[PDB]
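**Student:** This one is query05.cif, mmCIF, C-alpha atoms.
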```cif
data_final
loop_
_atom_site.label_atom_id
_atom_site.label_comp_id
_atom_site.auth_asym_id
_atom_site.auth_seq_id
_atom_site.Cartn_x
_atom_site.Cartn_y
_atom_site.Cartn_z
CA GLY A 1 -5.62 -36.57 15.74
CA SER A 2 -6.96 -33.07 15.14
CA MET A 3 -4.97 -29.88 14.57
CA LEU A 4 -1.48 -31.34 14.10
CA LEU A 5 -0.19 -28.76 11.62
CA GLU A 6 0.22 -25.21 12.91
CA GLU A 7 2.17 -22.50 11.09
CA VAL A 8 0.88 -19.27 12.62
CA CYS A 9 3.25 -18.89 15.57
CA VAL A 10 5.54 -17.14 13.09
CA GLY A 11 2.66 -15.55 11.21
CA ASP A 12 1.61 -12.65 13.42
CA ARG A 13 5.21 -12.65 14.66
CA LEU A 14 6.64 -10.55 11.83
CA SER A 15 3.12 -9.45 10.90
CA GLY A 16 2.49 -7.64 14.18
CA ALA A 17 6.07 -6.38 14.33
CA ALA A 18 6.26 -4.83 10.86
CA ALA A 19 2.76 -3.39 11.31
CA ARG A 20 3.62 -2.00 14.74
CA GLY A 21 6.30 0.06 13.02
CA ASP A 22 9.61 -1.11 14.48
CA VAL A 23 12.57 -1.02 12.10
CA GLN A 24 14.50 -2.56 14.99
CA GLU A 25 12.36 -5.70 15.11
CA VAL A 26 11.85 -5.98 11.35
CA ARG A 27 15.62 -5.67 11.03
CA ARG A 28 16.71 -8.34 13.50
CA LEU A 29 13.59 -10.32 12.60
CA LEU A 30 14.74 -11.46 9.16
CA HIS A 31 18.43 -10.87 9.91
CA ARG A 32 18.02 -13.15 12.93
CA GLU A 33 14.51 -14.49 13.51
CA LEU A 34 14.58 -15.29 9.79
CA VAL A 35 10.82 -14.76 10.03
CA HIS A 36 8.86 -15.79 6.94
CA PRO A 37 7.38 -13.13 4.60
CA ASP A 38 4.18 -15.15 4.24
CA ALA A 39 3.67 -14.98 8.01
CA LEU A 40 -0.09 -14.87 8.63
CA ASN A 41 -1.75 -13.78 11.87
CA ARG A 42 -4.55 -15.71 13.57
CA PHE A 43 -6.95 -14.31 10.97
CA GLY A 44 -4.88 -14.83 7.85
CA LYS A 45 -3.23 -11.62 6.67
CA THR A 46 0.28 -10.99 5.33
CA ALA A 47 2.84 -8.64 6.87
CA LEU A 48 2.40 -6.16 4.02
CA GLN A 49 -1.36 -6.39 4.60
CA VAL A 50 -0.92 -5.29 8.21
CA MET A 51 2.24 -3.22 7.73
CA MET A 52 1.78 0.38 8.86
CA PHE A 53 3.99 1.75 6.08
CA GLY A 54 5.80 3.42 8.96
CA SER A 55 9.49 2.56 8.71
CA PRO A 56 10.71 2.72 5.07
CA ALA A 57 13.36 0.07 5.71
CA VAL A 58 10.67 -2.15 7.19
CA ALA A 59 8.94 -2.28 3.81
CA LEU A 60 12.10 -3.30 1.97
CA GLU A 61 12.82 -5.87 4.68
CA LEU A 62 9.52 -7.68 4.14
CA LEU A 63 9.61 -7.49 0.35
CA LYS A 64 13.33 -8.29 0.54
CA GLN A 65 12.42 -11.80 1.69
CA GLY A 66 9.62 -12.91 -0.63
CA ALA A 67 6.11 -11.70 0.14
CA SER A 68 3.18 -11.20 -2.24
CA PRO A 69 2.08 -7.53 -2.00
CA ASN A 70 -0.82 -8.43 -4.29
CA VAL A 71 -3.20 -9.16 -1.41
CA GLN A 72 -6.72 -7.85 -0.79
CA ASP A 73 -9.22 -8.29 2.03
CA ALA A 74 -12.62 -6.88 2.98
CA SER A 75 -13.46 -4.39 0.23
CA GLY A 76 -10.40 -5.41 -1.77
CA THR A 77 -8.08 -3.16 0.23
CA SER A 78 -4.40 -3.99 -0.22
CA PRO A 79 -1.28 -2.30 1.25
CA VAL A 80 -1.38 0.42 -1.41
CA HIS A 81 -5.01 1.24 -0.63
CA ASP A 82 -4.32 1.80 3.07
CA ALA A 83 -0.93 3.47 2.55
CA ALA A 84 -2.75 5.96 0.33
CA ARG A 85 -5.72 7.02 2.46
CA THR A 86 -3.62 6.54 5.60
CA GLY A 87 -0.84 8.94 4.66
CA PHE A 88 2.53 7.20 4.43
CA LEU A 89 4.04 8.34 1.13
CA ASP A 90 7.34 7.39 2.77
CA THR A 91 7.03 3.61 2.92
CA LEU A 92 4.22 3.80 0.37
CA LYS A 93 6.45 4.78 -2.54
CA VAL A 94 9.08 2.29 -1.39
CA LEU A 95 6.79 -0.70 -1.89
CA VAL A 96 4.45 1.06 -4.30
CA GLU A 97 7.43 1.70 -6.57
CA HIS A 98 8.92 -1.76 -6.04
CA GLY A 99 5.83 -3.55 -7.32
CA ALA A 100 3.02 -3.31 -4.75
CA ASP A 101 -0.27 -3.70 -6.62
CA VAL A 102 -1.09 0.01 -6.76
CA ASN A 103 -3.58 -0.49 -9.59
CA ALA A 104 -6.19 -2.80 -8.07
CA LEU A 105 -9.39 -1.41 -6.56
CA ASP A 106 -11.66 -1.78 -3.53
CA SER A 107 -14.56 -3.63 -5.17
CA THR A 108 -16.48 -0.45 -6.02
CA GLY A 109 -13.79 0.31 -8.56
CA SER A 110 -11.92 3.23 -6.99
CA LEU A 111 -8.19 3.22 -7.68
CA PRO A 112 -5.92 3.66 -4.62
CA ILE A 113 -5.14 7.06 -6.14
CA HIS A 114 -8.76 8.20 -6.04
CA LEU A 115 -8.78 7.84 -2.25
CA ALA A 116 -5.62 9.94 -1.99
CA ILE A 117 -7.35 12.61 -4.06
CA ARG A 118 -10.29 12.75 -1.66
CA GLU A 119 -7.73 12.94 1.15
CA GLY A 120 -5.52 15.85 0.14
CA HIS A 121 -2.14 14.42 1.14
CA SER A 122 -0.78 16.53 -1.72
CA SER A 123 2.27 14.30 -2.16
CA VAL A 124 0.45 10.97 -1.90
CA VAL A 125 -2.26 12.02 -4.36
CA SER A 126 0.15 13.47 -6.91
CA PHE A 127 2.40 10.49 -6.23
CA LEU A 128 -0.21 7.75 -6.59
CA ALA A 129 -1.30 9.60 -9.73
CA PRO A 130 1.35 8.30 -12.18
CA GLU A 131 1.84 5.25 -9.96
CA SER A 132 -1.61 3.96 -10.90
CA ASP A 133 -4.03 3.40 -13.78
CA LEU A 134 -3.80 6.84 -15.38
CA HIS A 135 -7.06 6.19 -17.23
CA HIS A 136 -9.45 4.06 -15.18
CA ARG A 137 -12.25 5.84 -13.32
CA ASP A 138 -14.63 5.16 -10.44
CA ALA A 139 -18.04 3.62 -11.12
CA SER A 140 -19.22 7.19 -10.60
CA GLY A 141 -17.51 8.50 -13.72
CA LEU A 142 -14.41 10.32 -12.51
CA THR A 143 -10.70 9.76 -13.10
CA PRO A 144 -7.42 10.95 -11.49
CA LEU A 145 -7.90 14.38 -13.08
CA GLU A 146 -11.65 14.57 -12.50
CA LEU A 147 -11.49 13.53 -8.84
CA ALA A 148 -8.74 16.13 -8.49
CA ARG A 149 -11.24 18.75 -9.64
CA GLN A 150 -13.57 17.62 -6.86
CA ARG A 151 -11.37 17.56 -3.77
CA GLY A 152 -9.47 20.64 -4.87
CA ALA A 153 -7.40 20.57 -1.69
CA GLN A 154 -5.09 22.69 -3.84
CA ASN A 155 -3.26 22.29 -7.14
CA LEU A 156 -4.51 18.68 -7.21
CA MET A 157 -5.82 18.31 -10.74
CA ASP A 158 -2.72 20.30 -11.67
CA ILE A 159 -0.17 17.76 -10.44
CA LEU A 160 -1.94 14.78 -12.00
CA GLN A 161 -2.68 16.83 -15.12
CA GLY A 162 1.01 17.33 -15.84
CA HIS A 163 2.13 13.80 -14.98
CA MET A 164 -0.91 12.48 -16.85
CA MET A 165 0.64 12.62 -20.31
CA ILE A 166 -0.81 15.10 -22.78
CA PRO A 167 1.84 14.64 -25.52
CA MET A 168 0.26 17.55 -27.40
#
```
In structure tokens, how does this file's structure come out?
**Tutor:**
Amino acid sequence: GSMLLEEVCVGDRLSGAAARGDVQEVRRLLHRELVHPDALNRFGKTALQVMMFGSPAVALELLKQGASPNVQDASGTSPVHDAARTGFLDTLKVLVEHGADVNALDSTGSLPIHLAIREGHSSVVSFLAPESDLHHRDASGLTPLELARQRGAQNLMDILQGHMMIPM
């Protein structure tokens, strides 16, 4: 016959729940529903890929199971990429710090930090600064410090400048 193997019913399950931002569902989900971390929606995205970096505990819940945060789709945009430009330094750092691929890029070659710089989240930008490739630069020719000089939302280039390194 055709279509005899289906493993999506559980996909979007935890995927739509964790992304919808519901620490209550994400909690009882694994603690009860034992939902899988690789759960993929109809399309084919992981929970972390859809996650709304809303509830901090929700992030740890997903990663607590066994999901691969190193996922990219359409313009190579992983959880870190969205969490940055979106504005969720809360759950962002949780996963970002844990391991979340916060170094990759979105095809063009812009580090998740660059986006935060053009945003002006203040915390996110300065945060994603040291939590990224403190050296790489966009195809344009700007780095964490340079981009900070552009979108001078405030003491941007200052935060990244200090955390940068400068051992002299």
**Student:** What lies within 12 Å of residue 121 (chain A) using only C-alpha atoms, ignoring chain neighbours under 6 positions off, as a ChimeraX atom specification?
**Tutor:** /A:83-90,113-115,127-129,148,151-156
**Student:** Find, counting only C-alpha atoms, the residue in A:124, A:105, A:159, A:60 that gets nearest to residue 137 (chain A).
**Tutor:** A:105
**Student:** Evaluate the PyMOL selection byres ((chain A and resi 33-48) around 10) on the structure here and hand back the selected residues as a ChimeraX atom specification.
**Tutor:** /A:7-19,25-32,49-53,58-59,61-73,78-80,95,100
**Student:** Taking (-7.4, -1.6, -7.6) as a centre in this file's frame and 9 Å as the limit, can you find every polymer residue with an atom that close, using only C-alpha atoms, and give them as a tab-separated table (two decimals) with C-alpha atoms, keeping the file's coordinate frame?
**Tutor:**
```
chain	number	residue	atom	x	y	z
A	76	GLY	CA	-10.40	-5.41	-1.77
A	77	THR	CA	-8.08	-3.16	0.23
A	78	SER	CA	-4.40	-3.99	-0.22
A	80	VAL	CA	-1.38	0.42	-1.41
A	81	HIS	CA	-5.01	1.24	-0.63
A	101	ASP	CA	-0.27	-3.70	-6.62
A	102	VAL	CA	-1.09	0.01	-6.76
A	103	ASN	CA	-3.58	-0.49	-9.59
A	104	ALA	CA	-6.19	-2.80	-8.07
A	105	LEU	CA	-9.39	-1.41	-6.56
A	106	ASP	CA	-11.66	-1.78	-3.53
A	107	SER	CA	-14.56	-3.63	-5.17
A	109	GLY	CA	-13.79	0.31	-8.56
A	110	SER	CA	-11.92	3.23	-6.99
A	111	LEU	CA	-8.19	3.22	-7.68
A	112	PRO	CA	-5.92	3.66	-4.62
A	132	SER	CA	-1.61	3.96	-10.90
A	133	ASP	CA	-4.03	3.40	-13.78
```
**Student:** CA of residue 140 (chain A) to CA of residue 161 (chain A): how many Å, to one decimal?
**Tutor:**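 Computing the Euclidean distance for CA of residue 140 (chain A) and CA of residue 161 (chain A) yields 19.7 Å.
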**Student:** Tell me which of A:108, A:150, A:96, A:138 sits closest to residue 120 (chain A), counting all atoms listed in the file.
**Tutor:**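 Of A:108, A:150, A:96, A:138, the one nearest residue 120 (chain A) is A:150, counting all atoms listed in the file.
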**Student:** Go ahead and compute the interatomic distance for CA of residue 162 (chain A) and CA of residue 56 (chain A), in Å to one decimal.
**Tutor:**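 According to the coordinates, CA of residue 162 (chain A) and CA of residue 56 (chain A) are separated by 27.3 Å.
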**Student:** What is the distance, in Å and to one decimal place, between CA of residue 147 (chain A) and CA of residue 168 (chain A)?
**Tutor:**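 Pair CA of residue 147 (chain A) / CA of residue 168 (chain A) returns 22.3 Å.
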**Student:** Write region 65-86 of chain A as a JSON list (two decimals), in the frame of the given file, completed to N, CA, C and O atoms.
**Tutor:**
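Saved result, part08.json, follows:
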```
[["chain", "number", "residue", "atom", "x", "y", "z"],
["A", 65, "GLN", "N", 12.48, -10.36, 1.49],
["A", 65, "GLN", "CA", 12.42, -11.80, 1.69],
["A", 65, "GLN", "C", 11.71, -12.48, 0.52],
["A", 65, "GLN", "O", 12.34, -13.14, -0.31],
["A", 66, "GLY", "N", 10.39, -12.31, 0.45],
["A", 66, "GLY", "CA", 9.62, -12.91, -0.63],
["A", 66, "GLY", "C", 8.14, -12.96, -0.32],
["A", 66, "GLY", "O", 7.56, -14.04, -0.22],
["A", 67, "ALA", "N", 7.53, -11.79, -0.16],
["A", 67, "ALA", "CA", 6.11, -11.70, 0.14],
["A", 67, "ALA", "C", 5.32, -11.22, -1.07],
["A", 67, "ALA", "O", 5.85, -10.50, -1.92],
["A", 68, "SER", "N", 4.04, -11.60, -1.14],
["A", 68, "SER", "CA", 3.18, -11.20, -2.24],
["A", 68, "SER", "C", 2.35, -9.98, -1.86],
["A", 68, "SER", "O", 1.32, -10.09, -1.19],
["A", 69, "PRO", "N", 2.79, -8.79, -2.29],
["A", 69, "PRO", "CA", 2.08, -7.53, -2.00],
["A", 69, "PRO", "C", 0.70, -7.48, -2.64],
["A", 69, "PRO", "O", -0.13, -6.65, -2.28],
["A", 70, "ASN", "N", 0.46, -8.37, -3.60],
["A", 70, "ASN", "CA", -0.82, -8.43, -4.29],
["A", 70, "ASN", "C", -1.86, -9.16, -3.44],
["A", 70, "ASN", "O", -2.33, -10.24, -3.81],
["A", 71, "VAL", "N", -2.22, -8.56, -2.31],
["A", 71, "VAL", "CA", -3.20, -9.16, -1.41],
["A", 71, "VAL", "C", -4.32, -8.18, -1.09],
["A", 71, "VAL", "O", -4.08, -6.99, -0.87],
["A", 72, "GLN", "N", -5.55, -8.68, -1.08],
["A", 72, "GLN", "CA", -6.72, -7.85, -0.79],
["A", 72, "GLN", "C", -7.65, -8.54, 0.19],
["A", 72, "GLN", "O", -7.77, -9.77, 0.19],
["A", 73, "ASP", "N", -8.30, -7.76, 1.04],
["A", 73, "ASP", "CA", -9.22, -8.29, 2.03],
["A", 73, "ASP", "C", -10.29, -7.27, 2.40],
["A", 73, "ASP", "O", -10.02, -6.08, 2.48],
["A", 74, "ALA", "N", -11.51, -7.76, 2.63],
["A", 74, "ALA", "CA", -12.62, -6.88, 2.98],
["A", 74, "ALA", "C", -12.60, -5.60, 2.17],
["A", 74, "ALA", "O", -11.88, -4.65, 2.50],
["A", 75, "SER", "N", -13.38, -5.57, 1.10],
["A", 75, "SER", "CA", -13.46, -4.39, 0.23],
["A", 75, "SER", "C", -12.20, -4.27, -0.62],
["A", 75, "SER", "O", -11.78, -3.17, -0.97],
["A", 76, "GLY", "N", -11.60, -5.41, -0.95],
["A", 76, "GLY", "CA", -10.40, -5.41, -1.77],
["A", 76, "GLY", "C", -9.48, -4.25, -1.44],
["A", 76, "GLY", "O", -9.22, -3.39, -2.29],
["A", 77, "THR", "N", -8.98, -4.22, -0.21],
["A", 77, "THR", "CA", -8.08, -3.16, 0.23],
["A", 77, "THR", "C", -6.69, -3.71, 0.54],
["A", 77, "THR", "O", -6.47, -4.31, 1.59],
["A", 78, "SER", "N", -5.76, -3.51, -0.39],
["A", 78, "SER", "CA", -4.40, -3.99, -0.22],
["A", 78, "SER", "C", -3.53, -2.94, 0.48],
["A", 78, "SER", "O", -4.03, -1.90, 0.91],
["A", 79, "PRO", "N", -2.23, -3.21, 0.60],
["A", 79, "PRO", "CA", -1.28, -2.30, 1.25],
["A", 79, "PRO", "C", -1.30, -0.90, 0.63],
["A", 79, "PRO", "O", -1.25, 0.10, 1.34],
["A", 80, "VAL", "N", -1.36, -0.85, -0.69],
["A", 80, "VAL", "CA", -1.38, 0.42, -1.41],
["A", 80, "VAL", "C", -2.61, 1.24, -1.06],
["A", 80, "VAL", "O", -2.54, 2.45, -0.88],
["A", 81, "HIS", "N", -3.76, 0.57, -0.96],
["A", 81, "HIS", "CA", -5.01, 1.24, -0.63],
["A", 81, "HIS", "C", -4.91, 1.96, 0.71],
["A", 81, "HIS", "O", -5.23, 3.14, 0.82],
["A", 82, "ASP", "N", -4.46, 1.23, 1.73],
["A", 82, "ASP", "CA", -4.32, 1.80, 3.07],
["A", 82, "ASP", "C", -3.23, 2.87, 3.10],
["A", 82, "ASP", "O", -3.45, 3.98, 3.59],
["A", 83, "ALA", "N", -2.06, 2.53, 2.58],
["A", 83, "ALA", "CA", -0.93, 3.47, 2.55],
["A", 83, "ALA", "C", -1.33, 4.80, 1.93],
["A", 83, "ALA", "O", -0.79, 5.85, 2.28],
["A", 84, "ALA", "N", -2.28, 4.76, 1.00],
["A", 84, "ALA", "CA", -2.75, 5.96, 0.33],
["A", 84, "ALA", "C", -3.61, 6.82, 1.25],
["A", 84, "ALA", "O", -3.23, 7.93, 1.62],
["A", 85, "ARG", "N", -4.79, 6.30, 1.60],
["A", 85, "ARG", "CA", -5.72, 7.02, 2.46],
["A", 85, "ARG", "C", -5.12, 7.28, 3.84],
["A", 85, "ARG", "O", -5.47, 8.27, 4.50],
["A", 86, "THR", "N", -4.24, 6.40, 4.29],
["A", 86, "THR", "CA", -3.62, 6.54, 5.60],
["A", 86, "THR", "C", -2.70, 7.76, 5.64],
["A", 86, "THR", "O", -2.84, 8.62, 6.51]]
```
